[PDB]
Structure formats: structure tokens, C-alpha cells
Amino acid sequence: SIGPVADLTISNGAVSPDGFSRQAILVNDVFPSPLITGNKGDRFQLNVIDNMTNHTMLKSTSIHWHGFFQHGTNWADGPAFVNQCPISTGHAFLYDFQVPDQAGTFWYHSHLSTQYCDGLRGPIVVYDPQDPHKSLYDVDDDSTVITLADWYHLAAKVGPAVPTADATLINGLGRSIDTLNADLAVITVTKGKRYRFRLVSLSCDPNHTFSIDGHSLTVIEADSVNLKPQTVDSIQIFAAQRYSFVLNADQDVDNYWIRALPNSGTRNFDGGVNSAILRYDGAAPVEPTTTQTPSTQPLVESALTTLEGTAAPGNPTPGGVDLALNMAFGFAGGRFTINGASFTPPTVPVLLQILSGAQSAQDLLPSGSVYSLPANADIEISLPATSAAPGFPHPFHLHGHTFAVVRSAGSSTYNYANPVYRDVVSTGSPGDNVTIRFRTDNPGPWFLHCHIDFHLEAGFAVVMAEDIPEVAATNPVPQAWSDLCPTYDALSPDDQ
Ligand SMILES: [Cu+2]
Ligand SMILES: [Cu+2]
Ligand SMILES: [Cu+2]
Ligand SMILES: [Cu+2]
């Protein structure tokens, strides 16, 4: 594969992951987007060369390395108009950062408008030479990465504002209801061997309930966080989440369905939609004939715990933090609103405003969207689920950080002692009050928003401007980044 130093040539071409042809976004001349890897501590130099020419899907781009702390390298985070201006077509941009302190399953994607639904989205694995779960499996490589993704026959800005999927893609492949004969992804294992499978939702909207016929899974990693091993027989993964699970190829040499049921769209397995093949080495080149069985041991987030068992930042009791923020979801005028405001991209990026002058959140655009944080403090966020805002559960996500889910959806308990950590959490169904804590340790502007991309487009976002007075100091910016804005400004409507 590629990484940690690599050019990523972005362009357009035709694809048909489900037997239906359409123009999409290609990375290094391939759909789906190629896998990037490296080792813990590696300098990541990803030179994104933008050759896109198609206007419906946007000629401009920018790319976010999802779940990477980017201490010192805020200018490299990805979100357009928060951390940078978009890379303009016919140009290049170098993302230069280190992963000093992180290891696990990550992914990259366009953070320009709804552009990642059109194809610019791939996985990143940062292997750890001294991984604690290293001895739970014999195999961890290219062939153990499994992506889930919603595929739309109609492009992002062509179809409805919040459209429904035609198909689920597993590893780039899968079927719709008019293409029941398209190819199915095939994942091969050897009988006797154990696999660290890495699950990555590349979804724009749907969540998926993932399972495998005749196989239990041992989850050992959520997003990029090492977990205590937990055996489940199905995993509900929301947009942009990761789960790492070990699978034990101990069954009969055969074919087993890999199932990925979405909460919207075609909600069954007829014709092998939402399906894939787990093929034991030696079994026939044919569709499995296995039947599904109810999940008695479903993955329950509140029940996960980090390997190191670490406690949350703060004091084991509500408002036991230096600043607590409630986010009150809403939705009127087609626009989502958090606390009455509805995020729209500012003409000067949030990062340039801090580097140019702006000292406080009131001095920052867009107004009503930017919460200032203090340094080395314990933050607590709360995200009460509401019908007020349609399309739930909204999987909320926060850049520059990992956080402790003190309270998961579907639960009422507060876990201050050994909560699961991650970077993407479901806020749930009306009645839940998912709550997250973290410490400020990263001076810069960080995005916090629903990862259902069609919802972020309609404003479901706020900015954290964490530790502003030191933002300029710890985030030196490359000439090329300073040139992004002057370039994208001298651009007409369609050349964008
Ligand atoms: Cu992301
Ligand atoms: Cu992110
Ligand atoms: Cu949402
Ligand atoms: Cu984001």
C-alpha cells in the first residue's frame, strides 16, 4: 500500500461499486480510496495534488486525517474554512505532521462540503510495534481492513439534500436492488488462523449493524483506543466510527455472509444487498448459503472500557469540570442549530482569524458558533438527544481530541471511573443524554459536529477555539498554507 510519505493525486473518473456506472472522485486513480499506513511516531507527509475538473462534485478539495491530534499542526487538520482554505484545482498541498503518541485505526476524507460522499474517503492504519493485543491474532494487514460505505447513484449535490442510499459498499463492493448480480466483496481467511479485522465506517449518513454468520467477534479497539477485550456477536457502527475486532477462523471451511444492515434505505439482505462473503481458503467460488441468527451478545458502548482502565478527566460528579457546555440541538428553515446558531462556513477560515488578530470567541466568525476554551482544564460536553432535530441518532465528533464517553446512549449511568474513550459517539434517540469529557491539551480551532455529512452541510456544527492566546505560538504555518487563501479567492464560481 502507501504511506507515510506519499503523493495523493485527486481526480475524477467513472466507477461502479454496485454495477451502476457514475462519475466519482478517484484517489491515485482508484476507487475506493487507497489504504495509507505507517508506524507509531512516523512523520506523515501526504502531498495532495488536486486534478479534479468536475464542478457538480467540486473542483476544490481539502482532506481531514480523521482522529489525529495534530498538536502543532492545526493548519493541517482538513476542515475547509475552519483550519484552511480549500486546495484549488491544478495545485498541490503538503500535509506534514507526526503521529508521536497515537496508534490505531484511522481514516481520511474530504472536509469540503458534502464531497466525501462522492468518493474521497479511505482508511489509515497506524500500526504499533508494541501493541498490547498483539498476541490475540496471527494476522493484521491489508486484507483485514473492512470499510462500510453508503453509495448513492445520484451525486451529492444532484439528489435530495438528505438522500437515501442505493447500496452499502463493503470494501468498495456491494449490490443495489437493480443490480443483484454485481460482485460482492470477498474477505479470505485461513482455517485455524486469527484475524485482527479493522472496521471503518466510511458512511455519510447510515449507521450499520455489522455481523458475520457463525462467528463471534472480540472487540479490542474502538476508534483509535485500545480496549479490554469484549466478545460480541454484532456491532452497530455509526458514521466515521472504527471498531477493531479479532475473528477466529475455527469454523468449517465454507462461505459465510458478512452482514451490514443500515438504519435507513434498503433494510434487508434480499439478493445479498448489505452483504459480503467471508470465504475460507478452499471453499467454492459461490454465494454463501448461511442463515443469520439473532444477536444475543450485541456490542453495548457503555460496557466497553479502555485497556489501561483510565478514569475521565475531572471529578466523578456532574459539573465536576472547569467549564461545562450543553449543546441544545434544533432544526428550523432546513438548517440545524446548536444553541440557536446554525454554522455556515466563514470567508476567512477560523484559523486565519486567530493568527491575524481575533482574541476571543466574540471576535470570531461565524458568531454564535464558536466557544472559547481555557487551557489545561477539564471540559465536559453534553449532547441531549432530541426529536427537535431529525435524522437521529446523530454521531457527533470532535477534532484534535479523544474523549471519555461518561454516558453512552441507551443508558442512564455515569461512568467517571473507567469510561470507554473514543473520538466519535452516538448521541442516540430522544431521551438519551450522551456526555463527554476531555482535557484541553491542544491550542487551536477544532471542529465539533454531526458526522452525517448532509447534516454538517445544513449547519449542525460548532467550533471549539481551544486556548486561543497560544494558538499562534504552537501552530506555525507553512508558506503554502498562507497561499491557499489568496489562491482560492482568485477563483470563479465553477472553477471551485
Ligand atoms: Cu471524519
Ligand atoms: Cu476528525
Ligand atoms: Cu446528524
Ligand atoms: Cu469534521
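First listed ligand is number 1; within each ligand, the first listed atom is number 1. Just so you know, these numbers use all the heavy atoms, side chains as well, and skip hydrogens, waters and symmetry mates. Start at 1 with the first residue, then count along the sequence.
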Centre-to-centre under 6.0 Å for [X] and [Y], is that the case here?
X      : Y      : value
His71  : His401 : no
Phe238 : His208 : no
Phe329 : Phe396 : yes
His399 : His64  : yes

Smallest separation among heavy atoms of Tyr108 and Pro123, with atom names: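 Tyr108 and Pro123 have their closest heavy atoms at CE2-O, 3.7 Å.
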
Donor-acceptor pair between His153 and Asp18 side chains, under 3.5 angstrom: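 Yes, a side-chain donor-acceptor pair sits under 3.5 Å.
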
Atom of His455 nearest the Cu ion (ligand 3) (restricted to N/O/S, atom name only):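 Considering only N, O and S atoms, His455 comes nearest to the Cu ion (ligand 3) through ND1.
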
NE2 (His399) to the Cu ion (ligand 4) to NE2 (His449) angle, given to the nearest 10 degrees: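 If I round to 10°, I get 120°.
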
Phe106 and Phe68 aromatic ring geometry - parallel, tilted or perpendicular at 30°/60° bounds: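 Ring orientation of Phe68 relative to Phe106: tilted.
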
Under 2.8 Å from the Cu ion (ligand 1), the protein N, O or S atoms, given as residue and atom: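 Listed by chain and number, the nearby protein N, O or S atoms are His66 ND1, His109 NE2, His451 NE2.
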
